[PDB]
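The block underneath contains the structure these notes are about, expressed in structure tokens.
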There are 2 protein chains.
Amino acid sequence: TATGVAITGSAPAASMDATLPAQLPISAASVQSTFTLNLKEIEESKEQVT
Amino acid sequence: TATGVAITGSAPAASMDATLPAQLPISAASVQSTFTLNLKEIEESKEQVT
């Protein structure tokens, strides 16, 4: 703060600024897919499909 | 699909994209026309018409 007093006045109060902490977590969930195909399915897929 | 799971968790369920057929038949109908001209008509209109 910056207050106005007289010349013969005493003093203002303390008035120091502040900075605050800010934080965002990165330890939570992932994003996953799991498609999981076989071996017999992918063997006749070489000859059945155009 | 792609969902959210924790890192010390498990693996999500299966997912895979799909294809579909369309099949558009061409077997049934046909566009036609006829003439029906005589054999005297195609002779007396060869010595007359200009």
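So what J values fall out for the stretch B:16-32 if you push phi through Karplus, 6.51 cos²θ - 1.76 cosθ + 1.60 with θ = phi - 60°, rounded to Hz, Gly and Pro as x?
So the Karplus estimates, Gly and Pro as x, are 7, 6, 9, 10, 9, x, 10, 6, 4, x, 10, 8, 10, 10, 7, 9, 9 Hz.
Restricting to DSSP H runs of at least four residues, report the calculated mean residue ellipticity at 222 nm for chain A, -39500 (n - 2.57) per run over all residues, nearest 500 deg cm²/dmol.
Computed ellipticity for chain A at 222 nm equals -1000 deg cm²/dmol.
Give the average, rounded to an integer, of partner chain Cβ atoms located within 10 angstrom of each Cβ in B:13-21.
Mean shielding count: 2.
Can you list residues whose amide H is under 5 Å from B:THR3's amide H, if they're 5+ apart or on another chain and H is modeled 1.01 Å from N?
So B:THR3 has HN proximity to A:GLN32.
To two decimal places, what compactness ratio does chain A give when its Cα radius of gyration is scaled by 2.2 N^0.38 Å?
So chain A has a normalised radius of gyration of 3.60.
Per residue of the stretch A:6-15, in order, report the coupling 6.51 cos²θ - 1.76 cosθ + 1.60 (Karplus, θ = phi - 60°) as ³J(HN,Hα) in whole Hz, putting x for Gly and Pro.
For the stretch A:6-15, the Karplus curve yields 6, 5, 7, x, 7, 5, x, 7, 6, 6 Hz.
Counting neighbours? That spans all protein chains shown, and the Cβs are built from the backbone with ideal geometry, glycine included. Where a number appears in this text, it was derived from the coordinates with a stated rule and is not lab data.
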